[PDB]
6 protein chains.
Amino acid sequence: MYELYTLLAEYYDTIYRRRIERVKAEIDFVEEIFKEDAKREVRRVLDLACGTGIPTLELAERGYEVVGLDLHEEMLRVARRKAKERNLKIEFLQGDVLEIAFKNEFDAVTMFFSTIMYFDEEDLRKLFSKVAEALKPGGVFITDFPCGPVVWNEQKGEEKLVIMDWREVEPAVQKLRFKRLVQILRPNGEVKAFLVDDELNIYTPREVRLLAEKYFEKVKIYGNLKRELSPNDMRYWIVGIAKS
Amino acid sequence: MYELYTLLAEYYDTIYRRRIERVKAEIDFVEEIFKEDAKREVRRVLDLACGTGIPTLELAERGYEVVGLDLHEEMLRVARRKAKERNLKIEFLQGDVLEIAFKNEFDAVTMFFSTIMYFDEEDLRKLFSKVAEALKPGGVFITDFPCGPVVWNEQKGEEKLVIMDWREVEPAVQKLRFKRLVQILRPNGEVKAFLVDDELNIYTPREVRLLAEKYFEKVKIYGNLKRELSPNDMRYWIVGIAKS
Amino acid sequence: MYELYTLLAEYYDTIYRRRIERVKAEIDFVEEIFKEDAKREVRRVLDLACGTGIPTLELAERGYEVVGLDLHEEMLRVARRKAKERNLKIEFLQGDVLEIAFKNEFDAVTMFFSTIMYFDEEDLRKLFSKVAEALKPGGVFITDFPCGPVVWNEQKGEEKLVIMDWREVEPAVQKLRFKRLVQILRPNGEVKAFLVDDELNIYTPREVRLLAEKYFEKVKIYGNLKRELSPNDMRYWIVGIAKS
Amino acid sequence: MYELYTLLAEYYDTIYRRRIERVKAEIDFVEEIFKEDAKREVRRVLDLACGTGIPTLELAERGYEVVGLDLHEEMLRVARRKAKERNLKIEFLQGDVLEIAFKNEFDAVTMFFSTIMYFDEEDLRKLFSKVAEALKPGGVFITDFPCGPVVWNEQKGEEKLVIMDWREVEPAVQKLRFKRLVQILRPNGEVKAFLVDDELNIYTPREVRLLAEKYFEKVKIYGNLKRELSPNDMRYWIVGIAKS
Amino acid sequence: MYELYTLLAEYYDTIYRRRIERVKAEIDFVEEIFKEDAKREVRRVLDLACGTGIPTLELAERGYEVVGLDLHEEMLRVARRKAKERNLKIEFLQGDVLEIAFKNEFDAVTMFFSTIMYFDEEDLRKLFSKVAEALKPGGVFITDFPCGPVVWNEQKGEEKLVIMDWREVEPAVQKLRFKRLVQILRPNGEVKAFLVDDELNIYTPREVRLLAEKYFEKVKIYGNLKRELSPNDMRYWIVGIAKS
Amino acid sequence: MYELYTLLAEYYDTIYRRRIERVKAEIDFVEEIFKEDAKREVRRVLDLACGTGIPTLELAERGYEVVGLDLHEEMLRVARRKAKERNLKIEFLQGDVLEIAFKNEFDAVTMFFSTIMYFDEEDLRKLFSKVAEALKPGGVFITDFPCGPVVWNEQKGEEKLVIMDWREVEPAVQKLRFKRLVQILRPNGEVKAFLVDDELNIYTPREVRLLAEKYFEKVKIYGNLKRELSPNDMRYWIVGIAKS
Ligand SMILES: Nc1ncnc2c1ncn2[C@@H]1O[C@H](CSCC[C@H](N)C(=O)O)[C@@H](O)[C@H]1O
Ligand SMILES: Nc1ncnc2c1ncn2[C@@H]1O[C@H](CSCC[C@H](N)C(=O)O)[C@@H](O)[C@H]1O
Ligand SMILES: Nc1ncnc2c1ncn2[C@@H]1O[C@H](CSCC[C@H](N)C(=O)O)[C@@H](O)[C@H]1O
Ligand SMILES: Nc1ncnc2c1ncn2[C@@H]1O[C@H](CSCC[C@H](N)C(=O)O)[C@@H](O)[C@H]1O
Ligand SMILES: Nc1ncnc2c1ncn2[C@@H]1O[C@H](CSCC[C@H](N)C(=O)O)[C@@H](O)[C@H]1O
Ligand SMILES: Nc1ncnc2c1ncn2[C@@H]1O[C@H](CSCC[C@H](N)C(=O)O)[C@@H](O)[C@H]1O
Ligand SMILES: [Mg+2]
Ligand SMILES: [Mg+2]
């Protein structure tokens, strides 16, 4: 597990070129949540499992004081490099999100790009509990998650990446095995291959809300970058608002 | 909605011939639950949304004192007819399960064949609350639910039924539109057709346990007629045990 | 052929409830075309193969002087009924679009909802030629077209419609056989069924442009209700602008 | 079973319009087999399970003396009617092919259009045994066989036929349940529907040969109207040649 | 051909980890067959095409005197290694099963895991003939057989295996081309790949029986580890019982 | 782009072994066109984008005086090598087909195997214009084109090729991204991989005829190696006849 965040860390931004191309639209939505859902001015944000800091840097660019936390130093290495290149001041920390000990010191806490799926029910409750403890009164928690083999390609410099994704689902226990073979091709034909194989957890929007309402005064479920939920939306946002 | 239980009531057992052919194995499992999970002797059972009483009669046949409740008299008419023909004594009552008012008088309450899907979150909570009140200490609540067009046929007397089912899912709001066209063919080619169109709710096993855990001391999740849950099971059983 | 416009005419608006629900967004786009693409003020519009007048009435409601033409009186009957009920003054005429003889008297000519598909190459050229002759200098022609069995349902009063669609394509000759079985169910189960079976022609956006550029000074291809064309758009609009 | 040959007999030729359009191509092949595989002159032919006599009539028209045998009078009625209309002399008899008692009476025995699928292993042996008895030395036995829901349509006069086929396969016992809903639509929308539900047997080319070799000194397997078998052929022909 | 048994021999047990996890369940069934179908005591067993001896070892472990025969030394090397490690006495021989010359020497002869698919009709007869010669009166012959691209993965120590299977079928000649790309990934990304490309033969339960009945006084067809055959079983077992 | 014609040039004929195995039938058709459609005797032929010269050599072998032109020297190297080995005299030239300047000097111009797809509308017009100039009166222009991942394999010497193809279509702009991963496996498992990634253009038969009709007196559309077009043909041939 975590092959994507260690050995493939330097290729993460390449693999997720699309996610980056639309980070601005996503943070526009996040700021609307800060403005309409939060019950306090949002200035300091804790971005959990920040990875290479794609949304982290976008938030920083807009004036937020951001602290990013990630389990893997290989990912943080990339985030710090980009922050330095863009003259953005962000505090990047290594650590497990389940072990944070911040106490009512962030106006908002975020977890971007389906990361709640890495946690089972017990760990998710632990996470939400720690997030609630990290928030200032009226602060908000924001996290997004989604509803044979597929092949695609990207390119980093002279290296071409051919990626093949497939999944194995176990509905009864709400588990999903996400597999991704990444082949890195050099100009002369030499190849290197790495296999991502992570166990993920499947949750419905209602499930997350039920688990979250236990830690936040109010929880909202939104879809498709709008502060509303439509029947056919395919990506969801859970917004937890701390009592003020 | 409810076309299947009103206009098509007399055709229900024909449409669900398969469900009937395996009711004995299902009740064998239910008795195992009464034995291993219930904390009191099970004698009096309340079967909610009993329909034509397929599992209701099988329980009665084994000596249980059963009370069956259903919203539609058309379904109850079939249940009573079969009970009479089989010399089984069962009290069949018409009524909404959400309006029951029984108090500490049933050793076990059941709801067979995916009927929880007819209730949204709010009504499901209301249902579980009333079920808990109806149960006696150590009593158990048992209910089962599942994980373009598909056509199949059955026959009742001289009439042949061609059934076409299809679904429309709204994932965001966890809603499912179950559509079923039932064509009834007579020997001379004359046809009568009826459209079933019910709005159903989509729940995961974890989700139901969460909503139920609030009303029962303990809640268990089982699969495929075994007091355990395997990764690939496709039919689930939720068992609520009243504190004893 | 044309079963949908004769025997099923009174059910057309029911079958296409969705098309109606979004006619306002479509005419908003049409007016943007009038404003930005036309080289003259648009007041009088000829709506060819107007059917039940869905977009025809919407245009009339907005102040345009509209003339609607359709081959089938059964469709016009519906259009006139709705126009009268809404106090909209529209001149509805019966006739073949390939036989129009209007001479430079319309500011714009429209053909809505994939109707160019009913015409093969030769007839399409004839149509475009007649449309060009009907337009005032700087006027515009606007028409939209799209890129096992599928079942769905609608309802008109007490009647329920179960619709099954399937197609048979002949790529070599760019022909498509559009088939639709419409079953009309009455409350007591009695049913009436009609089969739509029309031969349609398949065209690419570039094909239509090449055929249209021969009759209009300038032709534009737009997609998805925007005066631009994106790689993945699935519905197209051809806009022909007459020399001014 | 047999609904297609009784209640739907008068619609058989309509449903199998294509099977008819290429009957000449098929008989050309059959004659090639008489000429190259038969070790005697073929004059008198016994066409088993002749149905509406589609190939039976084509043979007679070419000078062959043919006797057609079928279990259903409803099918023979159509065959005789066509034989009469085309002034072709053919002896059409009603009877079960498993009960024939002919002996050294025919130069060739045929069974067209996948009918062997109606007989299980035991009955197929009985049939082959009877066919061998009916043949004259050097005579030949010829029969063809192939390797949802799917909806299609046809038309007979003013009546339109909408046909929906689907199958249920039992691989272990090599059984196939072929279902076909035939809806007959009148111009005014009135409908008549019949359900075809036959149990068929699945055989591979190898199987048939192994079963036939026991009764014919020589058994050949051909495909796609050629006296050869290619790896990807999808329609097979078994030819049994009686010892001369 | 045979790439899986030569170049990939040391990876066979990894690729077929599941086939191994249920070897005990399979031998339980095999013993049931020895006990109920064999007309003599089974002590000495000949396991044809034994491979890495997965079932061979399970039999020996239960007291049977087993002789394993395989064409490839690379596979036997693995079997002997495991036999040694588990201190099991087994005589592993290299040789072609089509060339065995045993006579009235074994109480039972086995061929596990679909290997009959490697032989065409002619060679399958030769094999069955040899097996019959090798058996003692009342002895039994047992063999199982079943009814893309698909990608899956496994792991042996630090090496990860990504396997991609696809097939090319020739229905007419009942041939199957089974292709499998096995990519072996080292932790540093280095890769080794081998392509499995075997020609296999397609047989139905009926076929095998017809071919076997010629050499065994009694031939039975079973499915899903039970001495019975159900309509939907997908894995079959052929049991040949020598005349006693 | 062009990876297939540069780095993989020496593997082209192996990858397209099938295309080669049927070149004779294709040239048989081409000669029929020279005979029935050309209005002059065909002796000198210009084969544009000749590649490794598969059809080029077949034409030369039949006595035609051929000039082959290709953008990539790597492909021409293979063509010249084969011509030399087969003692065929052909003039192979390097160059862009869009830059040809031949005038009234070829009896026929050809472009085999879907190469028109490499040109957008503008370049295709430019190409047809230059082809017309290169032809002599009554001369003919002939070109053929077709109507997740798919894996297959081939072999060149000791090297095995596993090829995985997939496509990404942009219907609105009629663009297609043809992707092909070619993995070259050596006996010891070592691998070399190359990614083909070309942008292609999608045209219908009618569309090509429209663009061509502008440069040739007559243009014909044929399908499946016959001087006619059938409804279900999947490969098309466009034939331009210069006015004679
Ligand atoms: N327990 C845990 N604690 C901290 N980070 C974790 C974690 N489990 C997973 N992660 C981190 O989850 C991240 C998922 S990738 C998503 C990255 C980033 N938020 C974005 O929007 O692009 C990885 O960087 C991984 O290292
Ligand atoms: N609110 C409600 N109260 C009581 N019955 C209800 C109900 N909503 C739906 N039902 C009943 O739900 C039943 C579903 S059919 C399943 C029937 C039966 N338990 C069996 O196992 O076969 C119908 O008989 C319907 O009338
Ligand atoms: N040759 C022709 N002349 C006039 N109308 C024609 C025609 N061929 C088809 N039609 C008409 O094409 C219409 C297609 S239905 C689309 C209707 C309408 N424009 C809308 O947007 O809803 C039918 O009303 C049919 O009668
Ligand atoms: N036991 C049996 N004896 C005689 N005919 C039989 C039969 N079982 C089925 N059939 C006949 O099988 C026929 C199959 S339909 C094929 C008909 C015809 N040979 C053709 O080529 O078109 C039906 O007409 C049916 O009545
Ligand atoms: N003609 C032949 N003679 C002996 N073994 C053969 C053979 N053709 C194929 N095989 C062997 O067939 C085996 C198939 S693999 C199945 C192995 C083993 N019986 C099990 O149950 O796991 C390979 O080990 C291969 O070497
Ligand atoms: N602009 C251009 N000018 C010349 N050749 C071109 C070209 N664009 C692509 N090609 C050539 O297109 C060829 C396509 S491969 C088809 C090759 C050959 N006609 C056959 O039938 O097998 C390649 O050899 C490539 O180099
Ligand atoms: Mg845990
Ligand atoms: Mg025409």
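As recorded in the PDB header, X-ray crystallography is the method behind this entry, and the stated resolution is 1.90 Å.

The name the PDB entry assigns to chain A is SAM-dependent methyltransferase, from the organism Pyrococcus horikoshii. Under its PDB header, the title given for this structure is "Crystal Structure of the SAM-dependent methyltransferase from Pyrococcus horikoshii OT3".

A.B. asks: Looking at this structure, how should I read the site of ligand 2?
C.D. replies: Residue and element names in this part refer to chain B. By nearness alone, 19 residues border ligand 2, and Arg19, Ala49, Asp70, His72 and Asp96 come closest of all. Note that an oxygen atom of ligand 2 is positioned 2.7 Å from one of the side-chain N or O atoms of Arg19. Taking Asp96, its side chain carries an N or O atom lying 2.8 Å from a nitrogen atom of ligand 2. If ligand 2 stood free it would expose 590 Å²; the protein chains cover 98% of that surface. Class assignment for the residues of the shell around ligand 2 results in 12 nonpolar, 4 polar and 3 charged.

A.B. asks: Would you mind showing me how to read the relation of the copies chain C and chain B here?
C.D. replies: Note that the two copies of the chain are related through a rotation about an axis and a translation along the same axis. With an RMSD of 0.1 Å, chain C superimposes on chain B once it is rotated by 121° and translated 0.2 Å along the axis. Taken together, the rotation and translation relating the two chain copies correspond to the operation of a three-fold axis.

A.B. asks: Sorry, what's going on with helix 4 (residues 54-61) of chain A here?
C.D. replies: Residues three or four positions apart in an α-helix share a direction because the helix packs 3.6 residues into each turn. Residue and element names in this part refer to chain A. In terms of residue burial, helix 4 counts as a mostly covered element, since 7 of its 8 residues are buried. Within helix 4, the full set of buried residues consists of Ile54, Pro55, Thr56, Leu57, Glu58, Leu59 and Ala60. One or two positions beyond helix 4, positive phi appears at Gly63, with a value near 110°.

A.B. asks: Got a minute to help me understand the pattern of salt bridges in this structure?
C.D. replies: When the charged atoms of two side chains with opposite charge come close together, those side chains can pair. This structure, assessed with the given rule, holds 198 salt bridges over all chains. As a salt-bridge pair, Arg18(A) and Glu154(A) come within 3.2 Å of each other at their nearest N and O atoms. Here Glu26(B) ties to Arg22(B) by a salt bridge, and the two come within 2.5 Å at their closest N and O atoms. Under the relative-accessibility criterion, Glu26(B) is labelled buried at 3%. Taking the relative accessible area as the measure of exposure, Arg22(B) reaches 37% and is therefore partly exposed.

A.B. asks: Quick question: what am I supposed to make of the relation of the copies chain A and chain B here?
C.D. replies: With an axial shift of 0.1 Å and an RMSD of 0.1 Å, the rotation relating chain A to chain B amounts to 180°. The superposition operator between the copies reduces to a two-fold rotation axis. Considering only C-alpha atoms, the residue of chain A closest to the rotation axis is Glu207(A), which sits at 2.8 Å. Of all interface residues in chain A, 96% are interface residues in chain B too; the two copies therefore contact each other through one and the same surface.

A.B. asks: Would you explain the site of ligand 6 in this entry?
C.D. replies: Residue and element names in this part refer to chain F. The local shell around ligand 6 holds 19 residues, among which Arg19, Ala49, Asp70, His72 and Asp96 are the closest. Contacts to ligand 6 include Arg19, whose side-chain N or O atom sits 2.7 Å from an oxygen atom. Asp96 is positioned such that a nitrogen or oxygen atom in its side chain is 2.8 Å from a nitrogen atom of ligand 6. Relative to its unbound accessible area of 580 Å², ligand 6 is 98% covered by the protein chains. The residue makeup of the shell around ligand 6, split by class, is 12 nonpolar, 4 polar and 3 charged.

A.B. asks: Sorry if this is basic, but what is going on with the interface of chain C and chain B here?
C.D. replies: Interface extent is often summarised as the accessible area lost during association of the parts. On the side of chain B, 15 residues touch chain C, which itself brings 14 residues to the contact. Carbon and sulfur atoms make up 58% of the surface buried where chain C meets chain B, a total of about 1,200 Å² over both sides. For the interface between chain C and chain B, the tally reads 2 salt bridges. With a shortest N-O distance of 3.8 Å, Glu3(B) and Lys160(C) are connected by a salt bridge. Between the two partners, chain C and chain B, sit 5 residue pairs in polar contact. Secondary structure elements with two or more residues in the side of chain C that touches chain B: strand 6 (150-156), strand 7 (159-170) and strand 8 (175-185) of chain C. In terms of residue class, the side of chain C that touches chain B is made up of 8 nonpolar, 4 polar and 2 charged.

A.B. asks: Would you mind showing me how to read the sheet that holds strand 6 (residues 150-156) of chain B here?
C.D. replies: Sheet strands associate in pairs through backbone hydrogen bonding, adopting either a parallel or an antiparallel arrangement. All names here are of chain B. Read from one edge of the open sheet, 4 strands run 6-7-8-9, paired in antiparallel fashion. Each end of this open sheet is capped by a strand with a single partner; those strands are strand 6 and strand 9 (191-201). Neighbour-to-neighbour, the strand axes of this sheet turn through a mean angle of 20°, independent of strand direction. Across 11 bridges, the pairing between strand 7 (residues 159-170) and strand 8 (residues 175-185) is antiparallel. Its bridge partner being in strand 8, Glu170 is matched across the sheet by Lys175.

A.B. asks: In this structure, what is going on with the interface of chain A and chain B? I would like to understand it.
C.D. replies: In this assembly, 26 residues from chain A lie in contact with 26 residues from chain B. Surface buried jointly by chain A and chain B totals about 2,000 Å² across both partners, of which 55% is contributed by carbon and sulfur atoms. Summed over the shared surface of chain A and chain B, the number is 5 salt bridges. Between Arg206(A) and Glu121(B) there is a salt bridge; the shortest N-O distance is 4.0 Å.

A.B. asks: So what exactly am I meant to see when it comes to the sheet that holds strand 11 (residues 235-241) of chain A here?
C.D. replies: Residue and element names in this part refer to chain A. Spatial ordering of the open sheet is given by 3-2-1-4-5-11-10, a layout of 7 strands whose pairing is mixed. For this open sheet the edge positions go to strand 3 (91-94) and strand 10 (218-223), each flanked by a neighbour on one side alone. The sheet shows a mean angle of 20° between the axes of neighbouring strands, taken without regard to direction. Where strand 1 (residues 44-48) and strand 2 (residues 65-70) come together, 5 bridges link them in parallel fashion. Its bridge partner being in strand 2, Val45 is matched across the sheet by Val66. The strands touched by helix 4 are strand 1, strand 2 and strand 3; relative to strand 2, the strand with the most contacts, the crossing angle is about 170°.

A.B. asks: Looking at this model, I keep getting lost on the state of the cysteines. Mind explaining?
C.D. replies: Structurally, a disulfide amounts to a covalent bond that connects the sulfur atoms of two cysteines. Counted under the stated rule, the structure contains 0 disulfides over all chains. With no disulfide partner, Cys147(C) has as its closest neighbouring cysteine sulfur the one in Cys147(F), 13 Å distant. Here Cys147(C) falls in the exposed class, since its relative accessible area comes to 54%.

A.B. asks: Explain the packing of helix 6 (residues 121-134) of chain D against helix 7 (residues 205-212) of chain D here, please?
C.D. replies: The relative placement of two packed helices comes down to the angle between their axes together with the axis-to-axis distance. All names here are of chain D. Where helix 6 meets helix 7, the axes come as close as 10 Å, and the angle between the chain directions of the two elements is 50°. Taken together, the axis directions place helix 6 and helix 7 in an arrangement best described as oblique. In terms of crossing hand, the pair formed by helix 6 and helix 7 is right-handed. Here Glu121, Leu124, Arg125 and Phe128 of helix 6 come into contact with helix 7, specifically with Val208, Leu211 and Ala212.

A.B. asks: Sorry if this is basic, but what is going on with the domain arrangement of chain A here?
C.D. replies: All names here are of chain A. Per the domain assignment, the segments making up chain A are domain 1 (1-146 + 203-244) and domain 2 (147-202). Computed over C-alpha atoms, the centres of domain 1 and domain 2 are 24 Å apart. Residue-level contacts link 23 residues of domain 1 with 22 residues of domain 2. Both faces combined, the contact of domain 1 with domain 2 buries some 2,000 Å², and carbon together with sulfur accounts for 58% of it. Summed over the shared surface of domain 1 and domain 2, the result is 2 salt bridges. Summed over the shared surface of domain 1 and domain 2, the number is 11 residue pairs in polar contact. Taken together, the elements giving at least two residues each to the side of domain 1 that touches domain 2 come down to helix 1 (12-15), helix 2 (17-21) and strand 5 (135-146). Grouping the amino acids of the side of domain 1 that touches domain 2 by side-chain chemistry returns 16 nonpolar, 1 polar and 6 charged.

A.B. asks: Sorry, what's going on with the packing of aromatic side chains here?
C.D. replies: For any pair of aromatic rings, the description rests on two quantities: the centre-to-centre distance and the angle between the ring planes. Residues and elements named next belong to chain F. All chains considered together, the criterion is met by 82 aromatic pairs over all chains. When the ring of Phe29 is compared with that of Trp237, the centres are 5.4 Å apart and the planes differ by 75°; the resulting orientation is edge-to-face. Judged on exposure class, the residue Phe29 and its partner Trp237 are both buried. Arranged with centres 5.4 Å apart and planes meeting at 65°, the rings of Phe34 and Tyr64 form a pair that is edge-to-face. With a gap of 30 residues between them, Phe34 in helix 3 (residues 23-36) and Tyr64 in the loop between helix 4 (54-61) and strand 2 (65-70) connect regions that are remote in the sequence. Since its relative accessible area comes to 5%, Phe34 is described here as buried. When its relative accessible area of 12% is taken as the criterion, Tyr64 is described as buried.

Thresholds, definitions, all that
- Numbers given for residues start from 1 on each chain and follow the written sequence, which can depart from the numbering in the entry; residues without coordinates are excluded.
- For naming, the first written chain is A and the first written ligand is 1, with later ones following in the order written.
- Only hydrogens and water are set aside; all other atoms, that is, all heavy atoms of the structure, feed into the side-chain values.
- Residues are counted as near a molecule or strand when any one of their heavy atoms sits within 4 Å of it.
- Think of a polar contact as two N or O atoms within 3.5 Å of one another; within protein, one of them needs to be a possible hydrogen donor and the other a possible acceptor, and neighboring residues in sequence only count if both atoms come from side chains.
- Every accessible area reported is derived by Shrake-Rupley at a probe size of 1.4 Å, with residue values counting cover from the shown protein chains alone.
- In the scheme used here, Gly and all other residues not listed as nonpolar or charged are polar, with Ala, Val, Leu, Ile, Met, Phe, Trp, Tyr, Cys and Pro taken as nonpolar and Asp, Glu, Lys and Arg as charged.
- A least-squares fit on the C-alpha atoms is what superposes the copies onto each other.
- Throughout this description, buried means an accessible area under 20% of the type-specific maximum (1.4 Å probe, protein chains only), exposed means over 50%, and partly exposed covers the range between.
- Comment: elements are numbered from the N terminus, with helices defined as DSSP H or I runs of at least four residues and strands as E runs of at least two.
- Here a salt bridge means any side-chain nitrogen of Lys or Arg lying within 4 Å of a carboxyl oxygen belonging to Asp or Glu.
- A contact between two residues is defined here by any heavy atoms of the two lying within 4.5 Å.
- Two parts lose some accessible area (1.4 Å probe) when they are put together, and adding that loss for both gives the buried area.
- At least two DSSP bridges between two strands are required for those strands to pair.
- Fitting a line to C-alpha atoms yields each axis, with helices limited to the stretch in contact; the angle taken between N-to-C directions then spans 0 to 180 degrees.
- For the purposes of this analysis, a disulfide is any pair of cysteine sulfur atoms at a distance within 2.5 Å.
- Oblique is the label for every angle not falling under 35 degrees (roughly parallel), over 145 degrees (roughly antiparallel), or within 65 to 115 degrees (roughly perpendicular).
- Here is the rule for handedness: rotate from the far helix to the near one, and if that takes an anticlockwise turn smaller than a right angle the crossing is left-handed, while a clockwise turn gives right-handed.
- These domain limits were set by an automatic method or by a database of domain assignments.
- Only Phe, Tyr and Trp rings are paired, with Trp represented by its six-membered ring, and only when their centres lie within 6.5 Å; those with planes under 30 degrees apart are stacked, over 60 edge-to-face, the remainder tilted.

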